[PDB]
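A.B. asks: Sharing a structure with you now.
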Amino acid sequence: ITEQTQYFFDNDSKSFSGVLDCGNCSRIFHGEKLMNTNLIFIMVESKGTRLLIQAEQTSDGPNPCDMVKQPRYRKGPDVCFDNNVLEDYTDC
Amino acid sequence: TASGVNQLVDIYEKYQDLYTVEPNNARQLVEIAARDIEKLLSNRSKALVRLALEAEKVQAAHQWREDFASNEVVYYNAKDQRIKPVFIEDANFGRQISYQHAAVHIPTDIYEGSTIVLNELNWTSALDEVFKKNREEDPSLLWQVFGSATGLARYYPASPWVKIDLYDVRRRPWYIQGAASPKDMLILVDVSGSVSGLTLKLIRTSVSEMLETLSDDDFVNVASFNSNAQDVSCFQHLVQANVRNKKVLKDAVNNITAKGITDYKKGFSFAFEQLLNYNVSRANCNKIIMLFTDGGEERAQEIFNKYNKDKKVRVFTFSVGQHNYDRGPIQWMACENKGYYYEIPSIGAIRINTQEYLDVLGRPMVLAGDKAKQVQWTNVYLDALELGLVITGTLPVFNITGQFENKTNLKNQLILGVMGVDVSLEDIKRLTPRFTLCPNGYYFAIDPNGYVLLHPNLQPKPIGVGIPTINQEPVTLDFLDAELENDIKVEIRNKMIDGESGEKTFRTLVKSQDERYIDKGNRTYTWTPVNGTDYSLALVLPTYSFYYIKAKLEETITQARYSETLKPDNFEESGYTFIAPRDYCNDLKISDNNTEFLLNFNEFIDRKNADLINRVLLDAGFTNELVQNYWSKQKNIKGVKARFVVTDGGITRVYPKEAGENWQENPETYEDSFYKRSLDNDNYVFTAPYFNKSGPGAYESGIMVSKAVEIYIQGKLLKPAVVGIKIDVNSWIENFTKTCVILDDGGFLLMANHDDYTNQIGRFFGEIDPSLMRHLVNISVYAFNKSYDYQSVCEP
Amino acid sequence: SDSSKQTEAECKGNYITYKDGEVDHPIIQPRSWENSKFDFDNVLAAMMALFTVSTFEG
Ligand SMILES: *[C@@H]1O[C@H](CO)[C@@H](O)[C@H](O)[C@H]1NC(C)=O
Ligand SMILES: *[C@@H]1O[C@H](CO)[C@@H](O)[C@H](O)[C@H]1NC(C)=O
Ligand SMILES: *[C@@H]1O[C@H](CO)[C@@H](O)[C@H](O)[C@H]1NC(C)=O
Ligand SMILES: *[C@@H]1O[C@H](CO)[C@@H](O)[C@H](O)[C@H]1NC(C)=O
Ligand SMILES: *[C@@H]1O[C@H](CO)[C@@H](O)[C@H](O)[C@H]1NC(C)=O
Ligand SMILES: *[C@@H]1O[C@H](CO)[C@@H](O)[C@H](O)[C@H]1NC(C)=O
Ligand SMILES: *[C@@H]1O[C@H](CO)[C@@H](O)[C@H](O)[C@H]1NC(C)=O
Ligand SMILES: *[C@@H]1O[C@H](CO)[C@@H](O)[C@H](O)[C@H]1NC(C)=O
């Protein structure tokens, strides 16, 4: 069960700016979406931790011991053939 | 300017003739296809019913010979007195067929020539004349099969059986479904002191060999007792026995250990309590308590009096292992309650025993004479003769011997076998023609359990469960796990399971075909039940896919010049042309090699389906008029590395005819990730080539750029083609530097001013400078969705 | 050979052994309805098989 991730823009806002606090330092970025185009242009203060990954990486599925608490909807069949009187119970 | 997006819109608009923009009714489209699928699953119901009655009317008159030294039974044993057959290579089945007799498969340890079997090869030799009648009535009828309850399967189109043959019909999903109704199993493993040793290895093996006889519509739990009854797993109630729920139970049974005294009273008072738990949505009949143990003294009569007084629960008991404890009380428990008693002395005796209780559960089915012969379609699974993805319809055959003499005090309450008829999904994907839709639109269908039959994201490979380990289940993808979940597609699913017919238009995220981008879009989910079965054929259309260009063309001259347009020799002056391989009467699909098919296509149109071949020519001319008028004039624009166009209809053209060698996108237009991606946006899209692939690129290929081709032909919006160019990075590097990272959604680097970043082009921005992105994500830009792909492979 | 077939007429053909008791790793072996090494069918075979007992060997 590989677990894919994908990214996309939340806001339609074009102008971005902020401050980084990675460690014992800071950085300033600005970001502007190239309008009428799927693109984002950002620059941050020149370089001076843990990796993010986007490729699908192996993982166990969703916690199966938890999805059963609140399961998905389901409609079983309705023939349900059992409990007939005229049955020979002389086998064992 | 380079691509010619508005240099083509005129071409499509200029030829107002040669068009008829017709609408997809999206309600007469589902119903006309959900009535074709219902007709298919009804023809396979006549082939079944006509087969059950012939194998019930011949069993009645068999006379039970017991002497086959003479009058030897003649048959084609599948693994090779016998028949030497003649085999014709049939491309339909993908293997060798004979069509003149029915093969037989005796499992690898049922003696081929015992008396109980040699009769089975006799009265089932009268099926060969109704196997042949069924397909001769209607071809494309893949596998008739009679799954006799003595190991034998007599599947009609006789092929050699497909390394030890552990195949045994009495376990295949299409058998345990016909042979019994939904269960509520509850295994009571006896992990007490006395099972320590080998008896525990057989209990852990035999339990996991019984959870494999459970469908997706019958529940199960695995208790255990050693003077205190608990659950081996973490479930605490019945859990449906899915492909996944079983894995929790199997992996919790295997990690069990023997300890402490044995207490049958406190361990049966826990089993009968978990079968009364009526707020879990159980399958509300065939309650069972399959006790696994070695042997004891206490027949807990006061437990079977408090609970199970009126005999609703069946206590099957297994006395597993080699030992000398009293198997007396155990025999009483299975006899007093409406059960049966099985003995499992050692491995090998595990497979043949755990599948036997279906002969007991099927007793109240035989007595319900013909209210119980109902066709029943198994959830999608992988065929056991390398056919692909199939679904089988099951129908039990009962034993009518002495009937109408009213004898019926006999073994006349067991079934001969379940007999099935396979429908392949590649035969259901032909009743839902996809080509009058946009590449985004598609049909799909779901079980009443939610699992998708017929979904485009349903890869023909076994479903996955759990991370693998260092060292016969069906393909059951739930509808909410083949598509991105949201609180609106839950309403759609819950309204398709109930069988209601409606419609719902909403804006939803759609994952890109190459699992890298997510697109917001508008989708209209129409659905309608497939009367007469339990399915819900739905159809999802982009809001702009409500019209399609059906070409009218009968002049034979205009298509004549279209015909040589895409000849391989005219490629220098008319682009390197591809055609999507599509369904024609006799034209042969590629051998993974497009250029062979393009050569093939020309003869079949040179010699003389109608619409698909009529539409591809119109695109070829319409595309060619572009690649001759505009693309040829302004040849070799500076930043361009290649100029390409794709249409619904197959034609894909690239000008340089050298970049065509570097055209990675597959020739099928309806599967191109960018073509779906760009069809959904209303601007240009940049598809970053992957980073560090096996193949080369990203310098000699450039980076793709695409834009849809929107048309208002008669006030109606269409997007019937996608033109685009492959921008070389080097030319665009300078114009960038002449002015830092440029970036697209999905966080894929296209360029960076620093030229170590730009060396690893296309890598995920966040495997480069993760500290920025995690902060950059958290400013409400670059959202992320995290879905699961249950059908994929891993190395460990 | 198959510990679950208790007669001549039921003990014919192949069956599935498992090496070292591993549940996986099947091996297909034939079924042989073989007498013991030292049987008591005759008085002579009985005397031979009582000799080997009185030797304390086997
Ligand atoms: C289903 O049955 C109804 C009658 O109840 C019929 O009018 C309708 O056309 C059918 N729909 C399909 C999809 O077959
Ligand atoms: C169903 O069977 C009828 C019987 O003649 C046949 O005419 C029809 O073509 C069949 N349709 C399919 C989809 O098998
Ligand atoms: C059963 O076998 C006998 C002789 O072996 C033969 O008379 C009869 O035709 C066989 N039954 C069928 C259905 O062929
Ligand atoms: C196996 O069961 C023991 C029982 O205490 C538990 O401690 C252990 O974590 C379990 N291991 C696995 C892999 O389930
Ligand atoms: C289900 O039944 C159990 C046992 O009686 C009870 O403990 C629990 O509260 C019930 N839950 C619901 C949702 O009714
Ligand atoms: C069906 O029952 C009859 C006795 O009524 C028996 O002779 C026959 O062998 C049974 N069916 C099969 C397939 O064994
Ligand atoms: C490219 O992929 C190979 C795969 O084995 C890996 O060894 C190598 O380190 C990768 N190089 C880069 C620059 O990612
Ligand atoms: C995808 O992410 C968005 C933005 O965070 C969130 O609103 C939405 O619920 C997510 N959808 C899925 C299917 O996870």
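To match Swiss-Prot, the residue numbers of chain B are left as they are there, and the shown ones run 50-129, 143-224, 232-540, 554-690, 698-828, 850-906.
If you check the header, you will see the structure was determined by electron microscopy, 3.3 Å.
Each residue, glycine too, has its Cβ placed from N, Cα and C.
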A.B. asks: Quick one: sort out which of B:259-263, B:439-443, B:895-899 is the motif 'MIDAS-like motif' according to Swiss-Prot.
C.D. replies: B:259-263
A.B. asks: Using B:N92 (N-linked glycosylation site) as the reference point, find which of the glycosylation sites B:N604, B:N613, B:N824 has the shortest Cα-to-Cα distance to it.
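C.D. replies: Closest recorded candidate to B:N92 (N-linked glycosylation site) by Cα: B:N613.
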A.B. asks: Of B:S119, B:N468, B:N895, the recorded positions given in the record, which has the fewest other CB atoms within 10 A of its CB?
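C.D. replies: Selected from the recorded positions B:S119, B:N468, B:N895 on minimum Cβ neighbours within 10 Å: B:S119.
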A.B. asks: Measuring Cα to Cα, how far is B:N324 (N-linked glycosylation site) from B:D259 (divalent metal cation binding site) in Å?
C.D. replies: 14
A.B. asks: Which recorded positions of B:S261, B:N824, B:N895 contact ligand 8 in the sense of C-beta under 6 Å?
C.D. replies: B:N895
A.B. asks: Counting only residues 6+ apart in the same chain, whose Cβ is under 8 Å from the Cβ of B:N184 (N-linked glycosylation site)?
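C.D. replies: Spatial neighbours, sequence-distant, of B:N184 (N-linked glycosylation site): B:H111, B:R114, B:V122.
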A.B. asks: Go through the recorded positions B:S119, B:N184, B:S261, B:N824, B:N895 and pull out the ones with a Cβ less than 6 angstroms from some atom of ligand 3.
C.D. replies: B:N184
A.B. asks: Which of the recorded positions B:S119, B:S261, B:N324, B:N468, B:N613, B:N895 have a Cβ less than 8 Å from any Cβ in chain A?
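C.D. replies: The recorded positions close to chain A are B:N895.
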A.B. asks: Taking Cα atoms as reference points, rank the binding-site residues B:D259, B:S261, B:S263 by distance from B:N468 (N-linked glycosylation site) and give the first.
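C.D. replies: For B:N468 (N-linked glycosylation site), the closest Cα among B:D259, B:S261, B:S263 is found at B:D259.
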A.B. asks: I'd like to verify something. Among the recorded positions B:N92, B:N184, B:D259, B:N824, B:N895, which ones have a C-beta closer than 6 angstroms to some atom of ligand 2?
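C.D. replies: Listed by sequence, the hits are B:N92.
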A.B. asks: What is the interatomic distance between the Cα atoms of B:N895 (N-linked glycosylation site) and B:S261 (divalent metal cation binding site), given in whole Å?
C.D. replies: 47
